[PDB]
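First the structure, in the form of structure tokens, and then the observations on it.
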Amino acid sequence: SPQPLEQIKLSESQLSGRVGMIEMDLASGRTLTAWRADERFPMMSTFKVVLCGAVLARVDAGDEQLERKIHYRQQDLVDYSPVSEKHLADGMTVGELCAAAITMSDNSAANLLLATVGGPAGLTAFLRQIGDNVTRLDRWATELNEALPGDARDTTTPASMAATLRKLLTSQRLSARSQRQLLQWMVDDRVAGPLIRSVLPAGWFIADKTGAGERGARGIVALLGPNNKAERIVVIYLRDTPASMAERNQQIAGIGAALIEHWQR
Ligand SMILES: OC[C@H]1O[C@H](O[C@H]2[C@H](O)[C@@H](O)[C@H](OCCCCCCC3CCCCC3)O[C@@H]2CO)[C@H](O)[C@@H](O)[C@@H]1O
Ligand SMILES: *C(=O)/C=C/N[C@@H](C(=O)O)C(C)(C)S(=O)O
């Protein structure tokens, strides 16, 4: 594979779309690679990690409990609810809802949690509270993935998302237990995690949340590193490409390969 920036450029050329990327040291925030890092991209399902950071903040404040059971109705369900559709009779705890939202990308679980933090506006206010003045959630799950050109709704920037994830995972804004919980939910991703491990060389750590949307939107927020350590945050977003899902996945994997082969920078 070529150097990271050369591979990122190659991916735009091959996809005819925009790629946004940040590679950042998790412990210090040192930015290593930045490409269109201040440009907007639809967050898609990656917003679910920030959502659960807001839930954990409420738990830390004593305004929520991960144990609290939420009972919901079938009419509350939206498209793609693999875990929540199985619990109409018994409900799910707030912690179970975050696990379903992050590890299975369950949309009804995400919406139930979104209401607890004040909806899209409440989550956006939380982002402003932690110093992210760019990321914004405007719609509920299912409609936030529309990815219309020029539409600023439900977007982030690679730089903003990377800084926000670092703040949630390591800045001590969340309690120690909450920081550990958010990380474990990403480690536990069932949608892409196992697949990524299957193609990663031995010794590489992965934790992640992926997303997909219209007009080719695709993305991933991840922790990656050799020696089985979450050394870096890597955020990659793609937008406005007509390519197949398989090729969008292949290009993101290609950028990851370039990082792996040329890690010491
Ligand atoms: O010299 C480095 C390595 O080069 C190859 O590894 C390949 C691997 O066989 C391939 O499967 C992967 O594809 C990349 C898979 C990446 C998948 C997800 C990437 C995500 C993760 C973080 C956020 C953004 C992208 O590339 C590496 C590096 O060339 C060799 O197979 C391996 O033995 C060797 O240790
Ligand atoms: C998160 O990225 C979700 C992606 N897609 C879903 C969505 O809510 O937009 C569907 C319903 C389109 S499907 O799961 O792809």
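Residue numbering restarts at 1 for every chain of the structure tokens, chains are lettered A, B, ... in their displayed order, and ligands are numbered from 1 as they appear.
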
When you look at residue A:236 with a cut-off of 8 Å (counting only C-alpha atoms), what residues show up, excluding the ones that are within fewer than 6 positions of it in the same chain? I need them as a PyMOL selection string. chain A and resi 19-22+158+219-221+252

Just want the residues within 8 Å of ligand 1, written as a VMD selection string, counting only C-alpha atoms and all ligand atoms. chain A and resid 1 196 to 202 206 208 220 to 224 233 to 236 252 to 261

Smallest atom-to-atom distance to ligand 2: which of A:71, A:48, A:153, A:190, using only C-alpha atoms and all ligand atoms? A:48

Please build the interface table for chain A against ligand 2 with a cut-off of 9 Å, listing for each qualifying residue the nearest atom pair and the distance in Å to one decimal; count only C-alpha atoms and all ligand atoms, order rows by chain and increasing number, and write it as a Markdown table.
| residue | atom | partner | partner_atom_place_in_ligand_line | distance |
| --- | --- | --- | --- | --- |
| A:43 | CA | ligand 2 | 2 (O) | 7.6 |
| A:44 | CA | ligand 2 | 2 (O) | 4.2 |
| A:45 | CA | ligand 2 | 1 (C) | 3.3 |
| A:46 | CA | ligand 2 | 2 (O) | 6.4 |
| A:47 | CA | ligand 2 | 2 (O) | 8.4 |
| A:48 | CA | ligand 2 | 1 (C) | 8.5 |
| A:78 | CA | ligand 2 | 11 (C) | 8.1 |
| A:79 | CA | ligand 2 | 11 (C) | 5.0 |
| A:80 | CA | ligand 2 | 14 (O) | 5.3 |
| A:81 | CA | ligand 2 | 14 (O) | 8.5 |
| A:105 | CA | ligand 2 | 1 (C) | 6.3 |
| A:106 | CA | ligand 2 | 14 (O) | 8.1 |
| A:107 | CA | ligand 2 | 8 (O) | 6.1 |
| A:140 | CA | ligand 2 | 8 (O) | 8.8 |
| A:141 | CA | ligand 2 | 8 (O) | 5.4 |
| A:142 | CA | ligand 2 | 8 (O) | 3.5 |
| A:143 | CA | ligand 2 | 9 (O) | 6.3 |
| A:144 | CA | ligand 2 | 9 (O) | 6.6 |
| A:145 | CA | ligand 2 | 9 (O) | 4.7 |
| A:146 | CA | ligand 2 | 9 (O) | 7.2 |
| A:209 | CA | ligand 2 | 2 (O) | 8.9 |
| A:210 | CA | ligand 2 | 2 (O) | 6.5 |
| A:211 | CA | ligand 2 | 2 (O) | 3.2 |
| A:212 | CA | ligand 2 | 2 (O) | 4.0 |
| A:213 | CA | ligand 2 | 4 (C) | 5.7 |
| A:214 | CA | ligand 2 | 12 (C) | 8.1 |
| A:217 | CA | ligand 2 | 2 (O) | 8.8 |
| A:218 | CA | ligand 2 | 2 (O) | 7.6 |
| A:219 | CA | ligand 2 | 2 (O) | 8.0 |

List every residue of stretch 91-230 of chain A that DSSP, applied to the backbone of this structure, assigns to alpha helix (DSSP H), and report them as a PyMOL selection string. chain A and resi 94-103+107-116+119-129+158-170+176-187+193-199

Non-local contacts of residue A:166 (12 Å; only C-alpha atoms; under 2 positions in same chain excluded) as JSON, numbers by chain: {"A": [23, 24, 25, 26, 27, 28, 29, 30, 31, 49, 50, 53, 130, 131, 132, 159, 160, 161, 162, 163, 164, 168, 169, 170, 171, 172, 173, 174, 179, 182, 183, 221, 222, 223, 230, 231, 232, 233, 234, 235]}

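Around residue A:157, within 9 Å and counting only C-alpha atoms, the residues found are residues 20, 21, 36, 37, 38, 39, 40, 41, 42, 43, 134, 135 and 237 of chain A, once anything fewer than 6 positions away on its own chain is removed.
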
Write to file, as a PDB file, in the first residue's frame, the residues of the selection just made, with C-alpha atoms.
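As written to disk, result15.pdb reads:
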ATOM      1  CA  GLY A  20     -12.750  13.067   5.237  1.00  0.00           C
ATOM      2  CA  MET A  21     -10.162  11.625   7.604  1.00  0.00           C
ATOM      3  CA  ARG A  36     -10.676  17.516   4.638  1.00  0.00           C
ATOM      4  CA  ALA A  37     -10.725  17.389   8.396  1.00  0.00           C
ATOM      5  CA  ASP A  38     -12.737  20.592   8.722  1.00  0.00           C
ATOM      6  CA  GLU A  39     -15.271  19.688   6.044  1.00  0.00           C
ATOM      7  CA  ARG A  40     -18.747  18.409   6.913  1.00  0.00           C
ATOM      8  CA  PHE A  41     -19.879  14.826   6.474  1.00  0.00           C
ATOM      9  CA  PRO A  42     -23.123  13.070   7.475  1.00  0.00           C
ATOM     10  CA  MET A  43     -22.511  11.242  10.813  1.00  0.00           C
ATOM     11  CA  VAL A 134     -19.556  21.968  15.015  1.00  0.00           C
ATOM     12  CA  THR A 135     -21.233  18.565  15.276  1.00  0.00           C
ATOM     13  CA  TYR A 237     -16.149   9.559   6.361  1.00  0.00           C
TER      14      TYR A 237
END

Within 7 Å of residue A:240, counting only C-alpha atoms, which residues show up once you throw out same-chain ones fewer than 5 positions away? Write them as number ranges by chain, please. A: 17-18, 215-217

Using N, CA and C atoms, can you export the residues from the last selection as a PDB file, in the first residue's frame?
ATOM      1  N   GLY A  17     -15.870  10.579  -4.989  1.00  0.00           N
ATOM      2  CA  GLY A  17     -16.530  11.193  -3.852  1.00  0.00           C
ATOM      3  C   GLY A  17     -15.521  11.864  -2.945  1.00  0.00           C
ATOM      4  N   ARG A  18     -16.024  12.542  -1.911  1.00  0.00           N
ATOM      5  CA  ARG A  18     -15.177  13.203  -0.928  1.00  0.00           C
ATOM      6  C   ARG A  18     -14.933  12.249   0.229  1.00  0.00           C
ATOM      7  N   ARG A 215     -26.554   8.492  -1.069  1.00  0.00           N
ATOM      8  CA  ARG A 215     -25.562   9.098  -1.943  1.00  0.00           C
ATOM      9  C   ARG A 215     -24.143   8.622  -1.644  1.00  0.00           C
ATOM     10  N   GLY A 216     -24.048   7.358  -1.234  1.00  0.00           N
ATOM     11  CA  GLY A 216     -22.759   6.758  -0.964  1.00  0.00           C
ATOM     12  C   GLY A 216     -22.185   7.035   0.406  1.00  0.00           C
ATOM     13  N   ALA A 217     -22.906   7.749   1.259  1.00  0.00           N
ATOM     14  CA  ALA A 217     -22.340   8.047   2.572  1.00  0.00           C
ATOM     15  C   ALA A 217     -21.943   6.769   3.312  1.00  0.00           C
TER      16      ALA A 217
END

Please indicate the distance in Å from atom CA of residue A:65 to atom CA of residue A:88, rounded to one decimal place. 20.3 Å
